[PDB]
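FYI, side chains are in, hydrogens and waters are out, and symmetry mates aren't considered; it's all heavy atoms of this structure. Naming: A, B, ... by sequence-line order, numbering from 1 per chain.
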Amino acid sequence: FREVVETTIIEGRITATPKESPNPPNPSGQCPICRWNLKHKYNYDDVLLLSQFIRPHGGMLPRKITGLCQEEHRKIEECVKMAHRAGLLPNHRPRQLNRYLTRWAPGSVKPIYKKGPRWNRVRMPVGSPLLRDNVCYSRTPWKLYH
Amino acid sequence: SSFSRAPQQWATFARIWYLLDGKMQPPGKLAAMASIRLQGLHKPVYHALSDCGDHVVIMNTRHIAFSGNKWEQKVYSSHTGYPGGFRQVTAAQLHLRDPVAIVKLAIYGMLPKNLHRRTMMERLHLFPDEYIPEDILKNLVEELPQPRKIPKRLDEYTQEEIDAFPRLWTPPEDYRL
Amino acid sequence: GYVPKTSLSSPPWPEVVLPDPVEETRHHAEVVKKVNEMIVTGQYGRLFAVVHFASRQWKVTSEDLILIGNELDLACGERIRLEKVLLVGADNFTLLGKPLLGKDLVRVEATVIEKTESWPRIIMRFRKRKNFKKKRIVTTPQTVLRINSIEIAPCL
Amino acid sequence: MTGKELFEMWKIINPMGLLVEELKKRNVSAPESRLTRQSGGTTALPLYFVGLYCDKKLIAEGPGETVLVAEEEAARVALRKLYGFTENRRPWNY
Amino acid sequence: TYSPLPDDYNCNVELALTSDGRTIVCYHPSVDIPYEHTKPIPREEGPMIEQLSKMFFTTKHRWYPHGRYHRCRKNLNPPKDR
RNA sequence: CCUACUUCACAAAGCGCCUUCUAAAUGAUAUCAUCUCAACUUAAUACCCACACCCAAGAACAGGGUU
Ligand SMILES: [Zn+2]
């Protein structure tokens, strides 16, 4: 990566470029997810995968730089949102209720004062439906609404 | 076997204090374990009339963890019987009032809706912190495993755990971050 | 076909590796030989059999009582060998059949003590507004068996 | 005597002393009573299992509402085990 | 090294088939508590009902009495067994 | 609540008096921007609590006082 060193002087210094591991097990895949057999096999828990696509101040990287699938870019974008809120990315700050699997922004959701009748009940969203097609090792699928 | 009648009978129906750490746990998934041990449904000697419930000590119930936006959406509604006395309060506000009441209401809803329910609630001991009284610490027998596996964060991965995971993609040599 | 270790890479259950059938059939031969030595040298104490007498399974030791809901058409005092024993346990071993045990292995005896009737047992039907009210009183026959002995034999 | 325990028939006081004397007759050391399991120690309904070890191998262990009760009862379990009069003994052959 | 359950706490379970494959022999002697796993032996109506409630961890209701109709329905010579 | 006034007069009253406490910045997806169902940062006390006779206590019971 390159940095913008300044003090009045402003210069740009290419510093310490990484590289991807030499042997993708699925070469001639397209996305770096697709190349490494990870099309449905990651969640918000595993932050070693999420952290590689994140700006050091917590934001996402654009799809052109990462070269992701469109699908997997929305999935990682969502999982990174769901992992900032569970406090799994503490060092991606710019400078207390425990959550996990939060689809919406916590300061934006009106409380359910009238949960409906049994045939029209307002449910609470848990997790994201972008992560439907993950490998469920249970028989029941993910309940996305509690 | 080969006990006398009275100490065998004492041994079988004796009740056991369980500890249950509720840090980073969901309250309903604590409430299920707690409810089973409060009714005595984890004993093969169980019967409804035989009164064989246990004690459940749940600690760290300030440190519960709702899944999804249940902190901001889930509503606890009560009514003082007076007119205009209907009080709906979200899970966050009620957790700032009393850091026991979410786990307490969860368990209290799980238990069978009968008259044994409040004797069962007087067997459950909720504490919001690491601090448990000494008279209760001298009763505990087994600590139950937490039902949710707390996912570790990026600070808590060791170096070899980070190194074992591959870098997936080559960044461009000139990109700013 | 490598997947890096994520949450959902592997299944969450730990893999078990079942032992190979050569050393496992040899190991079974060792165990059956041990238990057969316990049956030969009389190491066991008292037994309990699960016996499929009549239509149901009775868990049974020696010196006890079973109340059966039909007349067996035997005289009081007659001894009986209960076939269809399907579990036999001691303190340190059990033996369970697929689904029944060998007749040469286990022998369960039982005498008939008494042949009673049940207490009178009401059968009432009633539908409202229809004048529908029947009443019957039924007593089923019953016999009591006293399990005398569970003898076990070294035939493994 | 079917369904009756030994010390429902042969009543004794002080089973611990009796167990001590019997273990002297087999030329075994005096047993250490040694608290194996417990629950509800600070309540009106405790449960104890006192064990009785001889050269750090237990011979019997019994429950009780107090520690003394459980120790006496473990002494009784050991005495049933020395005399063959256990709950699991071979039944009477008639 | 396979164990179908952690043979640690109740009995050491050792399953077997016979050569005919007709009976399953289970062998299961008891697991004694180790000596190392042991500790040495250590050496008015309102307030009375609250005191009993708090003592036996029950509610207050079973300490109030009951009337004669319920005291006389009770079977004082109930059937015993075993 | 009764000092006055008024109905009245060992007192009760009112017409009389007293008291009444979502919005910013920053900022990614989408290198600009962008309020962000993106992340980060920022904006209940009071009250109450131990015979008999008279009573400002009172339907009875209860309560207060009886030095
Ligand atoms: Zn792809």
Side-chain angles (χ1 to χ4, degrees), chain A residues 1-6 10-15 17 31-33 42-47 49-113 122-131 144-146, chain B residues 65-75 78 80 85 87 89-94 96-98 151 153-155 169 171-177, chain E residues 44 46-47 50:
Chain A
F1 296 99
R2 76 101 185 280
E3 60 177 355
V4 181
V5 177
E6 64 91 16
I10 297 172
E11 291 180 355
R13 299 179 184 178
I14 48 166
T15 57
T17 63
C31 44
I33 275 181
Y42 64 101
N43 202 356
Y44 81 106
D45 303 319
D46 42 346
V47 210
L49 189 145
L50 263 62
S51 72
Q52 295 178 358
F53 294 93
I54 301 172
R55 302 276 180 81
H57 293 293
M60 280 300 293
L61 283 169
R63 193 265 301 280
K64 293 186 177 180
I65 297 303
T66 62
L68 285 171
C69 297
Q70 201 277 324
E71 295 298 318
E72 302 296 321
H73 181 264
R74 281 182 298 163
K75 287 182 187 177
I76 289 178
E77 200 254 338
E78 192 71 21
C79 289
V80 162
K81 290 175 180 171
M82 284 164 64
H84 280 297
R85 297 168 185 163
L88 297 174
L89 289 157
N91 295 323
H92 299 266
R93 299 281 189 258
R95 296 298 300 276
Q96 292 183 4
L97 302 168
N98 302 114
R99 293 172 188 278
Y100 56 97
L101 287 168
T102 52
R103 186 183 306 143
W104 304 130
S108 73
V109 189
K110 299 179 71 63
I112 304 165
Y113 292 117
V122 180
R123 299 194 182 289
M124 304 181 192
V126 168
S128 61
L130 299 182
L131 300 179
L144 293 178
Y145 293 90
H146 294 187
Chain B
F66 268 116
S67 70
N69 295 115
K70 294 179 188 173
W71 279 117
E72 294 299 329
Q73 284 189 321
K74 170 177 198 63
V75 165
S78 72
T80 67
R87 283 183 191 172
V89 160
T90 71
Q93 306 178 6
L94 188 138
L96 297 185
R97 290 192 203 278
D98 197 76
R153 63 175 68 95
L154 263 191
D155 299 356
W169 68 293
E173 181 165 1
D174 185 77
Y175 185 70
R176 180 182 59 72
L177 283 181
Chain E
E44 291 297 335
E50 280 185 349

Flag side-chain contact, heavy atom, 4.5 Å: A/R103 against A/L144: yes
Nearest-angstrom distance, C1' atom, F/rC5 to F/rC51: 48 Å
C1'-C2'-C3'-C4' based pucker assignment for F/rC37: north
Any A/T17 side-chain heavy atom under 4.5 Å of A/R2 side chain: no
Student check: side-chain heavy atoms of B/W71 and A/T102 closer than 4.5 Å: no
Pseudorotation half of F/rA43 (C1'-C2'-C3'-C4': positive north, negative south): south
Is there any protein nitrogen or oxygen under 3.5 Å from a nitrogen or oxygen in nucleotides 31-35 of chain F, and what are the pairs?
unit_1	atom_1	unit_2	atom_2	d
F/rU31	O2	B/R176	NH2	2.5
F/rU31	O4	B/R176	N	3.4

Inter-nucleotide P distance (F/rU34, F/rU29), Å rounded: 15 Å
Min side-chain heavy-atom separation B/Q73-A/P125 under 4.5 Å: yes
Ring-centre distance below 5.5 Å and interplanar angle below 30°, F/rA28 vs F/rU29: yes
Inter- and intrachain pairs under salt bridge (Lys or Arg N to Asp or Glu O under 4.0 Å), touching residues 53-74 of chain A, at least two apart: A/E71-A/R74, A/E72-A/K75
A/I76: partners by side chain to side chain contact (heavy atoms under 4.5 Å, CB included), with sequence neighbours left out: A/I33, A/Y42, A/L49, A/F53, A/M60, A/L68, A/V80
Nearest-angstrom distance, P atom, F/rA30 to F/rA44: 45 Å
F/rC15, syn or anti by chi within 90 degrees of zero: anti
Whole-angstrom distance between F/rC48 and F/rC61, as gauged at atom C1': 23 Å
Sub-3.5 Å pairs of nitrogen or oxygen atoms, protein against nucleotides 38-40 of chain F:
unit_1	atom_1	unit_2	atom_2	d
F/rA38	OP2	A/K81	NZ	3.4
F/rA38	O3'	A/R85	NH2	3.0
F/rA39	OP1	A/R85	NE	3.1
F/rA39	OP1	A/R85	NH2	3.4
F/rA39	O2'	A/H84	ND1	3.3

Separation between the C1' atoms of F/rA59 and F/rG65, rounded to whole Å: 22 Å
Listed partners of B/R153 passing side-chain hydrogen bond (donor to acceptor under 3.5 Å, both in side chains), at least two apart: B/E156
Flag, side chain of A/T66 to backbone of A/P62, donor-acceptor distance under 3.5 Å: yes
Ring-ring stack between F/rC10 and F/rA11, thresholds 5.5 Å and 30°: no
Sugar of F/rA50, sorted north or south by the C1'-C2'-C3'-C4' dihedral sign: south
Intra-strand stack F/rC35 & F/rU36, ring centres under 5.5 Å, planes under 30°: no
For F/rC53, pucker side given by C1'-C2'-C3'-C4' sign: north
North or south sugar for F/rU20 (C1'-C2'-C3'-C4' positive means north): north
Shortest non-hydrogen contact from A/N43 toward A/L50: O-CD1, 3.4 Å
Student check: side-chain heavy atoms of A/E6 and A/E11 closer than 4.5 Å: no
Spacing of the P atoms in F/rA39 and F/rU45 (rounded, Å): 33 Å
Least distance between heavy atoms, B/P171 atom then A/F1 atom: CB-CZ, 3.3 Å
Distance, P atom - from F/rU3 to F/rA57, rounded to whole angstrom: 16 Å
Side-chain touch A/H57/A/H92, heavy atoms, less than 4.5 angstrom: no
Involving RNA chain F, stems made of at least three consecutive Watson-Crick or G-U pairs, both distances under 3.5 Å: F:5-7 with F:12-14, F:52-55 with F:63-66
Side-chain touch A/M82/A/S128, heavy atoms, less than 4.5 angstrom: yes
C1'-based separation of F/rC2 from F/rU7 [nearest Å]: 14 Å
Chi-angle category of F/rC8 [syn within 90° of 0, anti beyond]: anti
